[PDB]
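See structure below.
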Amino acid sequence: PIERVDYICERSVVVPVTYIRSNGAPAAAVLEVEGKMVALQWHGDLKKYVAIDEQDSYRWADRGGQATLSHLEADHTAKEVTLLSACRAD
Amino acid sequence: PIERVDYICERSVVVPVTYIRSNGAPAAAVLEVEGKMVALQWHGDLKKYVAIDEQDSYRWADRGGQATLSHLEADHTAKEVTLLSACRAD
Amino acid sequence: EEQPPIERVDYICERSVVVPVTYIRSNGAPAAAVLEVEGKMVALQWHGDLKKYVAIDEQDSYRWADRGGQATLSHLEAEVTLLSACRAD
Amino acid sequence: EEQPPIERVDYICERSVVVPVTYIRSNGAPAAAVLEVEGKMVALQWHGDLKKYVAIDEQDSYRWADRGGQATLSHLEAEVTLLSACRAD
């Protein structure tokens, strides 16, 4: 139910991740990115994790061994920005 | 079920924590300490969290608003060392 | 004994990213900067002709420029702007 | 233009704690060190009489000494050893 995975991304950036699963499904992920501890909740309909802090809305997708960090700024006019697109589990 | 709490400890050390609960009980905690991401599992009998990595066995107790970071070295002769004893939720 | 001026500055950037910086000056001129960015300690040397700091490691070539309190973090594999709205706190 | 030598050294300590260090030297002598410890960027000035580095912030007074490849991180509120088994990797 708790798993530590390190990802190596573009520019050799290392993203440490903790995954928390519950009863056969993803539940939460905790990341350390951009100097922050980022807690995210699994959204099954979106097939990705979304930050619990709506004012600092990182998203994390780990799919088929490739993971992506993105972020949506708080203002409703903002568009989602991809921050790391070449992360792979070490 | 997912909560971010920052602790301020001795020497003004800041320990970021994510708590993960499941069905009314503690389940996991993720800490950033000593430059590491540390994932810990709740042990109800011990009333504390214990690192999932037996080779780097941090322990975390958050009790009555006071939290304590300790660590047990891998060798069986080691004794538990208290690393931070004056942590309080910010 | 020599005491090059050492200054800590924290920058707050877009997404409220905090970039801690130590500046080390020597005899009235910039000399070095140390940043914590993307989970890394990055040491940089001042390049006066370029008017910016360049990572000492050519294999991980961050650049850092501060002009009028606004700073930019960029990176060159072999230049991409990583943070463009850093402001001295 | 002046180029004080800049060196990155990583120390591996007890509990496998990694302390990243940047050393900045000036004209053949130690001058400054920048550490990342306990989640902080800590800038320190060399004190030749004490043969160690002392934090520039007196309110958070870390000290760092490296002698023969073995280093100690300590701290003085107003001295506690925090890491005593650091070794240059």
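These protein sequences, in sequence, are chains E, D, B and G.
Using UniProt numbering, you'd call the opening residue of the first sequence number 141 and step up by one each time.
Using UniProt numbering, you'd call the opening residue of the second sequence number 141 and step up by one each time.
Residue numbers for the third sequence, in UniProt numbering: 137 to 214, 220 to 230.
Residue numbers for the fourth sequence, in UniProt numbering: 137 to 214, 220 to 230.
Quick reminder that beta carbons are idealized off the backbone N, C-alpha and C, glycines included.
Output needed for residue i: all residues of its chain with C-beta closer than 6 Å, excluding positions within five of it in sequence on either side, in chain order.
i, result
"residue 179/B", "170, 192"
"residue 225/E", "208"
"residue 199/B", "188, 190, 210"
"residue 220/D", "210, 212"
Could you check whether residue j and residue i sit closer than 8 Å to each other, using their CB atoms as the reference points?
i, j, result
"residue 173/D", "residue 181/D", "no"
"residue 155/B", "residue 209/B", "yes"
"residue 140/G", "residue 162/B", "yes"
"residue 211/G", "residue 197/G", "yes"
"residue 159/B", "residue 143/B", "yes"
Please classify residue i: does DSSP put it in a helix, a strand, or coil?
i, result
"residue 143/D", "strand"
"residue 174/D", "coil"
Have a look at the DSSP bridge pairing and note the partners of residue i.
i, result
"residue 194/E", "None; residue 194/E has no bridge partner."
"residue 188/B", "183/B"
"residue 211/B", "198/B, 221/B"
"residue 227/B", "207/B"
"residue 154/B", "148/B"
"residue 167/D", "DSSP lists no partner for residue 167/D."
Measuring only between beta-carbons, confirm whether residue i sits less than 8 Å from chain G.
i, result
"residue 225/D", "no"
"residue 242/D", "Because residue 242/D is not part of the residues shown, which for chain D are 141 to 230, the question remains open."
"residue 160/B", "yes"
"residue 154/D", "yes"
"residue 220/B", "no"
So is residue i in contact with chain D if we call contact Cβ pairs under 8 Å?
i, result
"residue 193/G", "no"
"residue 144/E", "yes"
"residue 196/G", "yes"
"residue 170/E", "yes"
Should residue i be flagged as near chain B, meaning a C-beta pair shorter than 8 Å?
i, result
"residue 206/G", "no"
"residue 174/E", "yes"
"residue 211/E", "yes"
"residue 165/G", "yes"
Starting from the C-beta of residue i, find all residues in its chain whose C-beta is less than 8 Å away, skip the five residues before and the five after it, and write them out in chain order.
i, result
"residue 230/E", "145, 146, 147, 148, 154"
"residue 176/B", "196"
"residue 206/B", "226, 227, 228"
"residue 194/D", "214"
"residue 218/D", "212"
Please list, in chain order, all residues of the same chain as residue i whose beta carbon is under 7 Å from its beta carbon, the five residues on each side excluded.
i, result
"residue 223/D", "209, 210, 211"
"residue 202/E", "none"
"residue 152/E", "none"
"residue 186/D", "none"
I'd like to know if residue i contacts chain E, where contact means its C-beta is closer than 8 Å to some C-beta of that chain.
i, result
"residue 179/D", "yes"
Less than 7 Å between the CB of residue i and some heavy atom of the ligand HEM, yes or no?
i, result
"residue 209/D", "The model on display carries no ligand, and the ligand HEM is accordingly not part of it."
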